[PDB]
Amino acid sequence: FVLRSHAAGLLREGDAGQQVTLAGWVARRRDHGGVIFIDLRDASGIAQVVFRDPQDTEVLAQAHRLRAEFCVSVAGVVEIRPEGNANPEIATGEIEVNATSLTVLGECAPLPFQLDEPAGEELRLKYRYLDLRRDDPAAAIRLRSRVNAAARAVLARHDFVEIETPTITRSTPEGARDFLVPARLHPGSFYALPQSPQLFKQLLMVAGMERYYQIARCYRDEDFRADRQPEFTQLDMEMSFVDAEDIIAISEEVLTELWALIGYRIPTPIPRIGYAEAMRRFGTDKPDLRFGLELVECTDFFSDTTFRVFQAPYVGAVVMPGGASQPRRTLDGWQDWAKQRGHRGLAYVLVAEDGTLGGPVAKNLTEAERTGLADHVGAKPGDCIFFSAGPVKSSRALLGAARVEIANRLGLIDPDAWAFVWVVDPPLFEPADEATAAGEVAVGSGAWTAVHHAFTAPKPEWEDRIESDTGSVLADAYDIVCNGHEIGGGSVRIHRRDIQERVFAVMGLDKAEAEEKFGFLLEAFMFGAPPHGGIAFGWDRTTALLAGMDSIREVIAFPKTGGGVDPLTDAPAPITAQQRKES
């Protein structure tokens, strides 16, 4: 019949005396004196349905079968619950359905886990369709739909064009390994899943599309970490006849509509800091600006200290307020914490209430060091100053990571705060030995590789110095950071055949090694390529921030575990011999 005519969660006291038929799942069942009470849940909410005197004896034969998560279709009459049965916590607090008919649409076996007691990672993914029935995962998936519509609304206001790009095509370098697809009608040759639609969106700018956008699917065989899985989603954008200012301006407008979905007006324009300044003050190119605790350089301070472990190219410091009152277990635990990061340890010097500098670092001072150490790093009586020495990037990152953990233990991060920042003027190159050490795939066999991608253009001031001082080259790129998370990054592109070949030659791509890999793109630059640039947002992390979830898998409908394991579909699985033949 009519499986559903009303919504369960929308009923009210003014809808009483109405013959309705509902459809949904049984949230709970409780028998009280022979009367069966059920909580009927659909996508709109929960309403209570009761069974009274046997209007039909066949109904009670089925009503006694009802259990948790039974999918049913109930027809009754909305009435007012008797005095003493009102639920001020539920929306439908004073209403119940006196059922007359009842149909079991889908019997439910005893659940692997109840919807109120959450389970582990493997169990929630193996039964994700049951996990998605919970309140928080459902609202997270439905929010991601409004996030897409919010981004499409901004770009549609600016005459952008939604264009789908091939996913079975050529390799695109982004710093990771490619996912391969065997060509059936071409034995030995392999397609490649796109690490990004970077190449196709630059060709679309040569095509005169001017303004392009796409919510694309990107595939990167990375080490399972951070804000994306092997298969993740981006908000891809690209414009022509624009500079970095134009792309930042439209990116801030997209973020404004996104965070407006949760009721937070972003202060436009978002502040910007340079790459060299960002790592100088915070130790990372993606800093958290919800708290202070900035790094204090002490290299000049220890130019006369006889401590050999501080006779290094860099000396950093982070002051923990009130950190001298920590027990020995908390201080010794910081050494085991710093040991897992990749350093010899996090040396510190406590400050007594009387101002005396104490700790293992205090005995190494040079009197004049003990005089100014508390005043140089901005330490108060009772503070704790964690020091980091050694190479610049190693000590900056070790202190930049130690800076964040101090905010966690001291309860310094306000969870309701939002700290956006642009990180501009990054380096365009970095040593290939430092990238492959972090598990990244190098562009070429040379001593350099791209910091974003090889198609990033240098600033016009450093265009003449791609070959000379390679490391000093500043990039025309920009990354947007939110609460210590990188949620997006872009750059102005190279649109000349000769400059793209110079950048390729620096990274170790031979003059023929580019024609074989990117000969189509270099060819397109000979046919009136416009100045263009763009940006791509990590859509999984952006949605997880808007939803308040720290794990990005909470905003993916059917995510995988760490390592590509799929508990739901048991993928990947081997193939037959007949299937393997076409390879």
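Just count from 1 along the sequence shown to find any residue number.
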Taking the recorded C-alpha temperature factors, which stretch has the higher mean, 201-209 or 283-291?
283-291
On average, are the C-alpha B-factors higher in 320-328 or in 216-224?
320-328
Between 476, 434, 252, 121, which carries the biggest CA temperature factor in the record?
434
Name the one of 257, 501, 131, 79 with the greatest CA B-factor according to the PDB entry.
79
Quick tally, chain-level thirds of C-alpha B-factors: residue 86 sits in the highest
Could you tell me which third, lowest, middle or highest, the C-alpha B-factor of residue 442 occupies within its chain?
middle
Residue 523, C-alpha B-factor rank within chain (lowest, middle or highest third):
middle
Which third, lowest, middle or highest, does the CA B-factor of residue 148 fall in along this chain?
lowest
Using the B-factors in the PDB entry, rank residue 533's C-alpha atom against the chain and give the third, lowest, middle or highest.
lowest
